[PDB]
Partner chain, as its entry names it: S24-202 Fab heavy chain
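Before any questions on binding or motion, here is one chain by itself as structure tokens, the form deposited without its partner chain.
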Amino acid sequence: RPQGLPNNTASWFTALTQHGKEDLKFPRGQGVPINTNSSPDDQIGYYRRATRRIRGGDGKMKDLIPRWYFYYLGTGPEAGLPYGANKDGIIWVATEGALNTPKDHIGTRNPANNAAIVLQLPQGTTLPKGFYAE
């Protein structure tokens, strides 16, 4: 049963790192990163806390530090999750006027072709203390 290369698992944006002790959350209408090449319909998705698979020879540790990555709705590791679905490590965000449809046309990033774009939030967004974009 032939198998092709796995679908790209990288977020288009840099990490939102939890450098403090606050739990990640956003007010309703906030959280979606800036993407000038996306429509109002596309402004919806989730932050997913990065999980550990196979990075640890001497460590069996990686970076104890929590890192959260944004994925548009219907894309990434939780592509099959509907908006609002409750899961530890998933935070849902949506701008006003967003459409509840998969953003397959944006999809995910392939690191071998494109670099991550710096995660930027609109001016005056309420971000919890200790969270910083990388």
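Positions refer to the first chain, counted from 1.
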Worksheet item: Higher mean Cα B-factor in the deposited model: 56-64 or 31-39?
Response: 56-64
Worksheet item: Comparing 123-131 with 2-10, which stretch shows the greater average C-alpha B-factor in the deposited entry?
Response: 2-10
Worksheet item: Going by the entry, which of 44, 50, 90, 81 has the most elevated CA B factor?
Response: 81
Discussion item. Using only modelled residues of the chain, where does the Cα B factor of residue 116 rank: lowest third, middle third or highest third?
Written reply: middle
Practice prompt. For residue 100, return the chain-relative third of its C-alpha B-factor as stated in the PDB record: lowest, middle or highest.
Written response: highest
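This next part talks about the form deposited with its partner chain bound, which is not shown.
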Worksheet, complete the sentence: Of the residues spanning 26-43, the ones with some heavy atom within 4.5 Å of its partner chain in the entry with it bound are 28, 29, 41
